[PDB]
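Shown here is one chain on its own, the form deposited in one PDB entry, set out as structure tokens.
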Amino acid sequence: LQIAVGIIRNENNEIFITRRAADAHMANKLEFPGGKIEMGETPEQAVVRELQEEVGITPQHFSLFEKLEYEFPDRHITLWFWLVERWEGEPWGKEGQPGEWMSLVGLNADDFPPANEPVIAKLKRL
């Protein structure tokens, strides 16, 4: 299971975070909008499509900030963390999910999935 997520951050060094549903894997956890990279699709396409679907924006000139693999108690997933600094549209809860800007400095890794630990840390430096 390959996963593409977008680390969306504005000029104010804030990132746009969303909270996962109470009945989803890693429920109630904070997260970077993202989803499964589908067949016949590239990870770059997957992140654009996913952000469009989840927060209504289209990533532009983004880079791969981090790529890693994590083993959850019942599944193994590869995460593709894209740093998105330019985009069209305004990020919002397009799928009716909680969404808001969060200072990079005040992020608490414990709030996100354990898989994001290194990314969250590395983030506090760029």
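We call the rigid core the largest set of C-alpha positions that still match within 1.5 Å between the two forms. For every residue, the number given is its place in the sequence shown, counted from 1.
Enquirer: One third of the other compared structures is the cut-off here: is residue 23 left unmodelled in that many or more?
Expert: Comparison shows residue 23 dropped in at least a third of the other entries.
Enquirer: Which has higher Cα B-factors on average according to the PDB entry: 3-11 or 116-124?
Expert: Taking the mean C-alpha B-factor of 116-124 and of 3-11, the larger value falls to 116-124.
Enquirer: If you average the CA temperature factors over each stretch, which comes out higher, 44-52 or 29-37?
Expert: Stretch with the greater average CA B-factor: 29-37.
Enquirer: Looking at 21, 109, 105, 17, which one carries the largest C-alpha B-factor according to the PDB entry?
Expert: Most elevated C-alpha B-factor of the set, per the entry: 105.
Enquirer: Considering only 81, 92, 101, 62, which residue's Cα atom bears the greatest B-factor as recorded?
Expert: Comparing C-alpha B-factors across 81, 92, 101, 62, the top value belongs to 62.
Enquirer: Should residue 77 be placed in the lowest, middle or highest third of its chain by the C-alpha B factor in the entry?
Expert: Answer is highest: the recorded C-alpha B-factor places it there.
Although not depicted, the form deposited in another entry is the subject of the following passage.
Enquirer: Have a look at 71, 38, 100, 95 and give me the residue whose C-alpha moves 2 Å or more between this form and the one not shown, with the fit done on the rigid core.
Expert: Correct option: 71.
Enquirer: Which way does the C-alpha gap of residue 40 and residue 74 go in that other deposited form, closer or farther, given it changes by 3 angstroms or more?
Expert: It is closer: in that other deposited form, the C-alpha atoms of residue 40 and residue 74 lie at least 3 Å nearer than they do here.
Enquirer: Where do residue 39 and residue 74 end up in that other deposited form, Cα atoms closer or farther than shown, with a change of 3 Å or more?
Expert: Distance between the C-alphas of residue 39 and residue 74: shorter in that other deposited form, by 3 Å or more.
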